[PDB]
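Heads up, the chain shows up twice below as structure tokens, two forms, tagged structure 1 and structure 2.
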Structure 1
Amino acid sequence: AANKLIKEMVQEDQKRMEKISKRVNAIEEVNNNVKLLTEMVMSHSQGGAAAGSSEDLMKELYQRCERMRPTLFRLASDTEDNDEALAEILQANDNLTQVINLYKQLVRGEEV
């Protein structure tokens, strides 16, 4: 109902929750995309292939990966007093930079 000044509290609870949940969804999405793109890139590393639709899916996964870095940068500037959350973010960005590295190699003839 109509209330006095304890609206700062339910609104704080709300920001706590949104913050954590956005982190979770980001990290999960990262973990998922990195793992599959990795799996796929390796398999096309002169072994089992598909081309066509597979080229399409690796491309999409690659673009999603590029798109998540900005997202992680923005999440990391919102981790006031939680170095643990900040660390998870930073490890996830590392997973992303890395995978965006294999894809690129795969796409332009390199090894590894």
Structure 2
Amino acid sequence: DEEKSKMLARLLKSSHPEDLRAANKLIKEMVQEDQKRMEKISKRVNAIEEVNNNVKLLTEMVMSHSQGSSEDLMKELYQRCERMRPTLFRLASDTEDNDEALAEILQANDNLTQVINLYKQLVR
């Protein structure tokens, strides 16, 4: 990260023999990497984002409904949570190279399961 960096800026400012050939090859590499690294983070974030929101929302509703046509936007929301358990689990699986991310996906999932059940605690 910092070594590949110093290395690069070294290969750049210098003659042609190796320097350019290498400098480029190394530029091409990084680019291709930053590409996948990007798409990954992007997926994880939206996923967690989508989850925290649904939880919060459906949580509030199950609260205002614990006393008094929402009983159908509350169900519909709930089933959405169910189908997320999958993607979440499937996500934690590819996140085997970053425990800070993996932990977030996990806690994300805790909230998800916590509310999917709390809803069921009333319907059931």
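Numbering for residues begins at 1 and runs along the sequence of structure 1. Throughout, rigid core stands for the largest set of C-alpha atoms superposing within 1.5 Å between the two forms.
- The two forms, fitted on the rigid core, differ between structures 1 and 2 by less than 2 Å at the CA of residue 94.
- In the core-superposed comparison between structures 1 and 2, the C-alpha atom of residue 25 has shifted by less than 2 angstroms.
- In the core-aligned comparison between structures 1 and 2, the Cα atom of residue 9 sits 4.6 Å away from its counterpart.
- Relative to the superposed core, residue 83 moves its CA by 0.1 Å between structures 1 and 2.
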